[PDB]
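Participant: Dropping in query_38.json, which is JSON, C-alpha atoms:
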[["chain", "number", "residue", "atom", "x", "y", "z"],
["T", 1, "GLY", "CA", 22.76, -23.56, -13.18],
["T", 2, "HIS", "CA", 25.35, -21.72, -11.02],
["T", 3, "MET", "CA", 25.48, -18.87, -8.44],
["T", 4, "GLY", "CA", 27.49, -15.60, -8.69],
["T", 5, "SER", "CA", 24.89, -12.89, -9.54],
["T", 6, "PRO", "CA", 24.70, -9.55, -7.62],
["T", 7, "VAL", "CA", 21.95, -8.71, -5.13],
["T", 8, "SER", "CA", 18.56, -7.71, -6.62],
["T", 9, "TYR", "CA", 16.02, -5.66, -4.66],
["T", 10, "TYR", "CA", 12.27, -6.04, -5.29],
["T", 11, "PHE", "CA", 10.27, -2.80, -4.86],
["T", 12, "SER", "CA", 6.86, -2.89, -6.63],
["T", 13, "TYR", "CA", 3.39, -4.36, -6.07],
["T", 14, "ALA", "CA", 3.66, -7.72, -7.95],
["T", 15, "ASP", "CA", 1.69, -7.44, -11.23],
["T", 16, "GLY", "CA", 3.44, -4.85, -13.13],
["T", 17, "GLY", "CA", 2.80, -1.69, -11.14],
["T", 18, "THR", "CA", 3.72, 0.68, -8.36],
["T", 19, "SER", "CA", 0.37, 2.44, -7.86],
["T", 20, "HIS", "CA", -3.13, 1.48, -6.64],
["T", 21, "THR", "CA", -6.41, 3.44, -6.84],
["T", 22, "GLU", "CA", -9.96, 2.41, -5.70],
["T", 23, "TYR", "CA", -13.35, 4.07, -6.32],
["T", 24, "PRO", "CA", -15.90, 2.55, -3.85],
["T", 25, "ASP", "CA", -19.57, 3.61, -3.52],
["T", 26, "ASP", "CA", -22.54, 3.42, -1.06],
["T", 27, "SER", "CA", -20.44, 2.36, 1.97],
["T", 28, "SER", "CA", -17.27, 0.26, 1.38],
["T", 29, "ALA", "CA", -14.39, 0.49, 3.92],
["T", 30, "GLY", "CA", -12.47, -2.18, 5.90],
["T", 31, "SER", "CA", -9.24, -4.13, 6.32],
["T", 32, "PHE", "CA", -7.69, -6.10, 3.41],
["T", 33, "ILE", "CA", -4.20, -7.43, 2.31],
["T", 34, "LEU", "CA", -2.31, -6.66, -0.98],
["T", 35, "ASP", "CA", 0.05, -8.34, -3.47],
["T", 36, "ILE", "CA", 3.18, -6.26, -2.79],
["T", 37, "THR", "CA", 6.90, -7.19, -3.01],
["T", 38, "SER", "CA", 9.58, -5.93, -0.60],
["T", 39, "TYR", "CA", 12.76, -8.04, -0.34],
["T", 40, "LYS", "CA", 16.37, -8.32, -1.52],
["T", 41, "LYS", "CA", 17.43, -11.61, -3.15],
["T", 42, "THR", "CA", 21.11, -12.57, -2.83],
["T", 43, "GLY", "CA", 23.10, -15.72, -2.02],
["T", 44, "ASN", "CA", 20.30, -18.32, -1.91],
["T", 45, "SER", "CA", 17.91, -16.33, 0.29],
["T", 46, "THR", "CA", 15.51, -13.39, 0.35],
["T", 47, "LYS", "CA", 15.71, -11.06, 3.36],
["T", 48, "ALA", "CA", 12.35, -9.31, 3.36],
["T", 49, "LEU", "CA", 12.20, -5.61, 4.16],
["T", 50, "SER", "CA", 9.49, -3.73, 6.01],
["T", 51, "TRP", "CA", 8.28, -0.41, 4.65],
["T", 52, "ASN", "CA", 6.67, 2.68, 6.25],
["T", 53, "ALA", "CA", 3.91, 5.01, 4.97],
["T", 54, "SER", "CA", 1.78, 8.13, 5.73],
["T", 55, "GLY", "CA", -0.57, 10.71, 4.15],
["T", 56, "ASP", "CA", -4.23, 11.12, 5.20],
["T", 57, "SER", "CA", -5.20, 10.29, 8.84],
["T", 58, "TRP", "CA", -7.72, 7.52, 8.16],
["T", 59, "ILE", "CA", -5.38, 5.00, 6.47],
["T", 60, "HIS", "CA", -3.46, 2.32, 8.39],
["T", 61, "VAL", "CA", -0.52, 0.04, 7.46],
["T", 62, "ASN", "CA", 0.90, -2.96, 9.35],
["T", 63, "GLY", "CA", 3.42, -4.55, 6.95],
["T", 64, "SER", "CA", 1.34, -7.12, 5.00],
["T", 65, "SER", "CA", -1.93, -5.52, 6.27],
["T", 66, "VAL", "CA", -3.98, -2.54, 5.01],
["T", 67, "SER", "CA", -7.03, -0.63, 6.29],
["T", 68, "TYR", "CA", -8.78, 2.57, 5.12],
["T", 69, "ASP", "CA", -11.51, 3.93, 7.41],
["T", 70, "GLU", "CA", -14.96, 5.13, 6.21],
["T", 71, "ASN", "CA", -15.36, 8.83, 5.37],
["T", 72, "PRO", "CA", -16.13, 11.52, 8.06],
["T", 73, "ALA", "CA", -18.32, 13.84, 5.88],
["T", 74, "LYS", "CA", -20.40, 13.53, 2.67],
["T", 75, "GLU", "CA", -17.87, 15.19, 0.34],
["T", 76, "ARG", "CA", -15.66, 13.07, -1.97],
["T", 77, "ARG", "CA", -11.90, 13.37, -1.32],
["T", 78, "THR", "CA", -8.98, 11.46, -2.71],
["T", 79, "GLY", "CA", -7.26, 9.93, 0.33],
["T", 80, "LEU", "CA", -3.55, 9.81, -0.61],
["T", 81, "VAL", "CA", -0.58, 7.93, 0.97],
["T", 82, "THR", "CA", 3.10, 7.26, 0.10],
["T", 83, "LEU", "CA", 5.51, 4.49, 1.28],
["T", 84, "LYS", "CA", 9.35, 3.87, 1.41],
["T", 85, "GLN", "CA", 11.53, 0.80, 2.36],
["T", 86, "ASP", "CA", 14.01, 0.19, 5.22],
["T", 87, "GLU", "CA", 17.27, -0.36, 3.20],
["T", 88, "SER", "CA", 15.82, 0.87, -0.15],
["T", 89, "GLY", "CA", 13.20, 3.22, -1.65],
["T", 90, "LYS", "CA", 10.05, 1.15, -2.31],
["T", 91, "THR", "CA", 7.66, 3.97, -3.21],
["T", 92, "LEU", "CA", 4.06, 3.16, -4.13],
["T", 93, "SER", "CA", 1.15, 5.59, -4.50],
["T", 94, "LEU", "CA", -2.14, 4.65, -2.78],
["T", 95, "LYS", "CA", -5.38, 6.54, -3.70],
["T", 96, "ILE", "CA", -8.92, 6.01, -2.41],
["T", 97, "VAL", "CA", -11.72, 8.12, -3.93],
["T", 98, "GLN", "CA", -14.75, 7.19, -1.78],
["T", 99, "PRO", "CA", -18.06, 9.14, -1.66],
["T", 100, "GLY", "CA", -18.62, 10.52, 1.80],
["T", 101, "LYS", "CA", -20.84, 9.50, 4.75],
["T", 102, "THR", "CA", -22.52, 10.91, 7.87],
["T", 103, "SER", "CA", -23.76, 7.88, 9.82],
["T", 104, "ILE", "CA", -23.21, 6.43, 13.36],
["T", 105, "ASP", "CA", -20.66, 3.83, 12.03]]
Kindly transcribe the structure held in the file into structure tokens.

Facilitator:
Amino acid sequence: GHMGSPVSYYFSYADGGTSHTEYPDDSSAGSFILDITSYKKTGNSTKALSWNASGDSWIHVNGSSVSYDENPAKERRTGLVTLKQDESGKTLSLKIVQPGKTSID
């Protein structure tokens, strides 16, 4: 075709949403990766953008990396975390509702 469109930022997961939730059982915690989008497309390029996060203590982000630690008492909480982008406002909502533990792990 041609070129001449404005910049477009990308600030979602990837499949049609901006919010994750998980409901593990027994014992499920560890480090995974997620289908998230964070860039601005313009010219004939995509500069990616980092994001930052926080909420509960036990939840860890390293760009395209994710971990959520296993629960410190037997209660069930909802762990809750936000995020935002460097040049933009990529907000997602992360929830983890895990049953709780008391074990030497």

Participant: Find the residues around region 59-74 of chain T up to 9 Å (all atoms listed in the file counted), leave out those fewer than 4 positions away in its own chain, and share them as an MDAnalysis selection string.

Facilitator: chainID T and resid 27:36 50:55 79:81 96 98:103 105

Participant: Give me, as a VMD selection string, all polymer residues having an atom no more than 12 Å from residue 48 (chain T), counting all atoms listed in the file and skipping those fewer than 6 positions away in the same chain.

Facilitator: chain T and resid 8 to 11 36 to 42 63 to 64 85 to 88

Participant: Taking all atoms listed in the file into account, which of T:44, T:22, T:75, T:17 comes nearest residue 5 (chain T)?

Facilitator: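 Smallest separation from residue 5 (chain T) among the options: T:44.
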
Participant: Provide the CA of residue 20 (chain T) to CA of residue 82 (chain T) distance in Å, to one decimal place.

Facilitator: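 Taking CA of residue 20 (chain T) as the start and CA of residue 82 (chain T) as the end point, the length is 10.8 Å.
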